[PDB]
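Novice: Here's a structure for you.
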Amino acid sequence: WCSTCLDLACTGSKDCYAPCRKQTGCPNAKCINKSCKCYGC
């Protein structure tokens, strides 16, 4: 899990890549719904 994750509402998909990696294991995400949603992992 990423600790540096509060609300990255389109702070940058490439920015959320790291959090998403640290969250799911897969650094593939996009900011939608006002959140960086991961494509699953």
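We count from 1, first residue shown onward.
The header says solution NMR.
Note: Cβ is positioned from N, Cα and C throughout, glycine not excepted.
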Novice: With reference to Swiss-Prot, specify which of the listed residues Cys36, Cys38, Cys41 is paired with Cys16 by a disulfide.
Specialist: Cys36
Novice: Choosing among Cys31, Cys38, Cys41, which residue does Swiss-Prot name as bonded to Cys10 by a disulfide?
Specialist: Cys31
Novice: Determine, from DSSP, whether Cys26 (disulfide bond) sits in helix, strand or coil.
Specialist: coil
Novice: Measuring Cα to Cα, how many Å separate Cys10 (disulfide bond) from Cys41 (disulfide bond)?
Specialist: 20
Novice: In whole Å, how far does the CA atom of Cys16 (disulfide bond) lie from that of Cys31 (disulfide bond)?
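Specialist: Counting only the Cα atoms, the answer is 8 Å.
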Novice: Counting every protein chain present, what is the number of Cβ atoms, excluding its own, within 10 Å of the Cβ of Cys31 (disulfide bond)?
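Specialist: So the number of other Cβ atoms within 10 Å of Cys31 (disulfide bond) is 16.
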